[PDB]
Amino acid sequence: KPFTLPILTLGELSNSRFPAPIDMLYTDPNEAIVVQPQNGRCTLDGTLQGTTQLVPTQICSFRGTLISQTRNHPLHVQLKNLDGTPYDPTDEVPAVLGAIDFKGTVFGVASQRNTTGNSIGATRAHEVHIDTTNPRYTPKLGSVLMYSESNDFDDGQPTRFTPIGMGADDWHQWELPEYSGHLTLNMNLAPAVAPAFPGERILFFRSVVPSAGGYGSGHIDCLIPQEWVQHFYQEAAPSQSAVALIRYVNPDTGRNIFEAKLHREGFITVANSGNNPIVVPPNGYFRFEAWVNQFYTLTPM
Amino acid sequence: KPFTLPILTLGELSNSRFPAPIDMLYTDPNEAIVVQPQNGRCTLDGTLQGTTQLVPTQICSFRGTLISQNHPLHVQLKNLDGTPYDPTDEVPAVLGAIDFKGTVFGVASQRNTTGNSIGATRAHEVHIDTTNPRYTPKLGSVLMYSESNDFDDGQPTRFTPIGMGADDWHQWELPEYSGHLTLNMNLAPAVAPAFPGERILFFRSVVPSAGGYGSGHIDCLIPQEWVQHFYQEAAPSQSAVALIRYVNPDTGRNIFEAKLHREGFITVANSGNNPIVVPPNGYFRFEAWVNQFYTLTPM
Ligand SMILES: C[C@@H]1O[C@@H](O[C@@H]2[C@@H](O)[C@@H](O)[C@@H](CO)O[C@H]2O)[C@@H](O)[C@H](O)[C@@H]1O
Ligand SMILES: C[C@@H]1O[C@@H](O[C@@H]2[C@@H](O)[C@@H](O)[C@@H](CO)O[C@H]2O)[C@@H](O)[C@H](O)[C@@H]1O
């Protein structure tokens with residue numbers, strides 16, 4: 001079964017680490033880096049890793065039951081899976097699938113629709129934020145702590161968190177949270193990735209997301225877009241080597257813009273060619289060319 | 001080129017009319033209906049219709065500039081992908097626009113690009129009443145309302161929908177995309193079962209609500225992944241009707257069968273005021289090209 005990439009253009013793709021369209025391709029203009037995101041992790045032959053799940057509108061969302069305590073009001077959410085199934089902390093995952101995979105304050109909206117009590121069917125929704133550095137950000141153990149200026153939430157009812165953007169200018173998108181809290185190490189992580197040779201850089205799909213105040217840039221970079229995650233998962237094409245050579249092509253003219261290594265683990269490297277911003281034709285997309293190996297030498301893009 | 005469907009299960013699919021996962025399959029328990037949604041419209045050979053665009057998180061979003069300022073927020077629109085919006089495009093409205101009558105609540109946000117505080121941001125809850133006379137996304141403008149006056153005129157502004165802003169949704173009643181003046185144009189066609197005893201099968205989401213008892217139902221004809229799939233595959237339709245079966249991949253058992261119409265919607269044979277029970281690992285599979293005379297087994 002031949003390996004293929006979606007034929008969606010850049011403006012037609014979704015970030016796999018935040019619910020947002022892709023705004024541009026991006027390489028670090030300073031140096032090469034090492035990164036270990038847990039959303040947006042899929043091997044070329046279709047193996048999901050980390051906390052990666054398939055629904056683009058559920059990335060960095062949470063679902064569960066509000067548990068009352070004992071100006072910002074604390075909201076302890078006892079989690080279930082995003083698809084509604086019970087959350088099992090013994091699963092071999094770093095945290096509930098879809099959990100926020102970086103240190104920062106994410107603002108969003110928490111909503112409820114009552115299923116028990118004297119007001120079944122009554123609803124409410126308000127802005128909240130989740131600080132993933134909080135010691136009670138413990139999505140591996142099955143709970144997260146939100147905060148809201150509103151006290152208008154009902155104890156014991158189904159509660160959903162939908163992320164919107166930066167709730168403070170404090171994002172560190174490549175620093176993993178402590179998914180089990182302060183006294184347990186992360187486990188079952190998708191591996192760290194980095195260029196294997198000097199002169200290469202990871203190529204990211206970058207989104208710029210909203211911010212609720214301050215001057216935060218809102219950058220969230222993913223290794224492959226969510227549509228690629230969905231595509232590889234369904235195709236499950238055998239990988240014929242550790243490295244697929246791909247090219248950004250203009251499908252209307254056949255012109256090759258630049259080449260890149262698509263690693264079997266599910267990320268892209270390019271040859272460094274300076275701090276120049278990346279400009280591609282808006283009708284262009286990546287196309288699989290051939291299976292190669294690590295000794296392939298990329299031409300500067 | 002052979003026609004295929006994605007193999008994603010129900011809990012792995014996205015609504016094409018609202019940014020939400022699919023919760024269940026649904027048919028009208030009362031009668032057959034006629035519907036004309038403008039998002040989630042793609043023919044089986046990959047022709048997008050209505051206001052349908054490809055990005056699942058952008059459905060019912062708006063992007064634009066705040067021109068002037070419950071505090072009113074007048075937004076001059078661009079396309080969601082950032083390109084200028086041309087009101088003479090042969091579309092009912094800017095792609096992704098809300099395609100029903102109701103109050104949609106969400107968050108409006110800004111990041112300044114001009115003036116004395118370039119880079120400064122803000123974001124607050126807002127709502128958009130698509131029955132408002134100034135809900136005119138075809139002309140290129142929408143009116144939002146917010147409790148906060150912390151918004152900057154002349155700056156890029158984005159609306160992200162969350163759910164019901166009031167218990168006033170009519171998901172099958174199209175808004176007046178140009179206001180009370182002009183009739184709607186360039187609409188994706190109405191769809192309905194062609195025979196008594198058939199019903200449209202919907203992919204249903206239950207979305208949030210900011211107060212009241214609204215049900216939050218948003219039904220789409222095909223999920224957004226199917227839209228994306230048909231758009232890319234562009235497989236020629238060999239007949240007006242593809243036979244599809246909802247299958248259990250573990251057992252190979254056909255749970256039920258359905259007609260997938262070339263226009264991009266599904267009908268099933270009515271089997272009474274039946275709740276729909278399907279296995280969580282199941283998905284639809286293309287079986288064969290048939291025709292309108294195919295008799296579906298009652299669901
Ligand atoms: C840059 C501004 O950000 C927000 O305002 C801030 C307030 O929310 C508050 O945190 C105070 C405390 O220092 O700082 C303000 O800058 C926005 O509300 C405002 O419109 C600006 O974008
Ligand atoms: C069912 C309830 O809805 C909301 O409360 C409403 C208020 O926000 C306000 O609109 C008043 C107007 O009279 O009506 C209330 O019903 C929720 O905030 C509340 O928690 C209930 O779910």
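The sequence lines fix the lettering, A, B, ..., with proteins before strands; numbering per chain opens at 1. What you see below is based on every heavy atom in this structure, not just the backbone, and it leaves out hydrogens, waters and symmetry mates.
- Taking the side chain as every heavy atom from C-beta outward, B:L54 and A:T9 never approach each other to under 4.5 Å.
- Counting heavy atoms from C-beta on, the side chains of A:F18 and B:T57 never come closer than 4.5 Å.
- When each of B:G212, B:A20, B:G216, B:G11 is checked for heavy-atom pairs under 4.5 Å with chain A, B:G212 comes out on top.
- Note on A:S61, A:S14, A:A122, A:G108: by heavy-atom pairs under 4.5 Å with chain B, the leading option is A:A122.
- Between chain B and the options A:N15, A:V109, A:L82, heavy-atom pairs under 4.5 Å are most frequent for A:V109.
- Residues B:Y231 and A:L8 approach most closely at CD2-CD2, 4.4 Å, considering heavy atoms.
- Annotation: the span from A:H126 atom NE2 to B:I162 atom CD1 amounts to 13.0 Å, rounded to 0.5 Å.
- Of the atoms belonging to B:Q58, it is side-chain heavy atoms, and not backbone ones, that fall under 4.5 Å from chain A.
- For a residue to count as touching a neighbouring chain, one of its non-hydrogen atoms must lie under 4.5 Å from one of that chain's; by this rule B:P6 touches chain A with backbone and side chain alike.
- The residue among B:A123, B:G82, B:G214 with the most heavy atom pairs within less than 4.5 Å of chain A is B:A123.
- With chain A as partner, the option from B:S109, B:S117, B:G119 having the largest number of non-hydrogen pairs under 4.5 angstrom is B:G119.
- Residues passing the salt bridge (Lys or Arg N to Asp or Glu O under 4.0 Å) test with B:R285 are B:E287, sequence neighbours excluded.
- For A:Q230, the part lying under 4.5 angstrom from a heavy atom of chain B is the side chain only.
- Summarising the geometry of B:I118 relative to A:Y215, their closest heavy-atom pair is O-CE2, 3.6 Å, with the distance given to 0.1 Å.
- Between chain A and the options B:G211, B:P208, B:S215, the largest number of non-hydrogen pairs under 4.5 Å is found for B:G211.
- Residue B:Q224 does not touch chain A at all, counting heavy-atom pairs closer than 4.5 Å.
- With hydrogens and angles ignored, the 3.5 Å screen pairs a side-chain donor or acceptor of A:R113 with a backbone N or O of B:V207.
- Ranked by heavy-atom pairs under 4.5 Å with chain A, the list B:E125, B:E12, B:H229, B:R122 is led by B:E125.
- Among the residues in residues 148-162 of chain A, those with a non-hydrogen atom closer than 4.5 angstrom to a non-hydrogen atom of chain B are A:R160, A:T162.
- Using a 4.5 Å cut-off between heavy atoms, B:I22 makes no contact with chain A at all.
- Heavy atoms closer than 4.5 Å to chain B are found nowhere in A:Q53, neither backbone nor side chain.
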